[PDB]
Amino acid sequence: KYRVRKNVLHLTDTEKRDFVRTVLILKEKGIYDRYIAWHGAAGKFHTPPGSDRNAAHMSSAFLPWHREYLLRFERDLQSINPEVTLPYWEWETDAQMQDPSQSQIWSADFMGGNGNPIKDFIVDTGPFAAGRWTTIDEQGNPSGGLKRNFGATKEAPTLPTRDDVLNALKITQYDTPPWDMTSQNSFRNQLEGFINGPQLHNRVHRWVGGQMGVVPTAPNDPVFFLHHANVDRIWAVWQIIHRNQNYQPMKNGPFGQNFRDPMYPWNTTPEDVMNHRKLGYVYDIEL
């Protein structure tokens, strides 16, 4: 509750400079690659084997998994600089624009801009451009740099709207059986974006394009953490609103999806991260 997580647009020049630097330091030390691998490993860990659910996606563990994912990442950031916290990308407001690519987040001093159509949509601006930022493929091998391609998809030509977020907050149940892609009246599945998908979370990924468009390689783009910090923020809001609601399933769900099951690749359970304030951080809007 002492660490404040701010909106990217509400950041100071010095703050944006310290975050980027810290990320570059984590990358240089080899720590950043662990998060790309963790995410890719979880996406291939099905619960149970044979089903389309995995440890991190298309299931109830989606939200607590990524919350633990961000928590570990933020702790690594502060090991370098204790004053640095993980910002979030409030994409629902950027959607109000006719061209979200003009947002301050895509400036050369933070995340960098859109991909270059002359270089197969390779990002050539910002601190994460090809030449300063190395990317790895689905196999853990070097891939030749970051790619982006804003709204060039038919399924996701736009970013999710504030109404879309608000409509998701209307849901009462955290999740519903069979705890997967087809869960109805489920806040989790709604926020993830499979209900008339791609929506919300899934839509943001498809909108950015490049590595962000594919599960095993999405964390290659630093904006991935800013995006999921917003998803985590939206979840935290839901938990505040429906304070009487709790996680599901509590039991009788697939192993790795229940309230007290370890989340691969970790031993962390959804219960351990159910209360974000207990984790030692808070979002600016809560103040």
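The term rigid core refers to the most C-alpha atoms you can superpose between the two forms while keeping them within 1.5 Å. In case it trips you up, residue 1 is the first one in the sequence shown, and so on.
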item	value
RMS Cα shift after core superposition in 5 other deposited structures of this protein, winner of 240-248 and 223-231	240-248
RMS CA shift, core-fitted in 5 other deposited structures of this protein, bigger for 96-104 or for 81-89	96-104
Between 50-58 and 34-42 (mean CA B-factor, as deposited), the higher	50-58
210-218 set against 76-84, stretch whose average Cα temperature factor tops the other in the entry	76-84
Given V123, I195, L159, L71, the residue at which the Cα B factor reaches its maximum	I195
Modelled-residue ranking by C-alpha temperature factor, third containing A108	highest
Ranked against its chain, the third holding the CA B-factor of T135	lowest
Chain thirds of CA B-factor: placement of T14	highest
Ranked C-alpha temperature factor of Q190 among modelled chain residues, by third	middle
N252, C-alpha B-factor rank within chain (lowest, middle or highest third)	highest
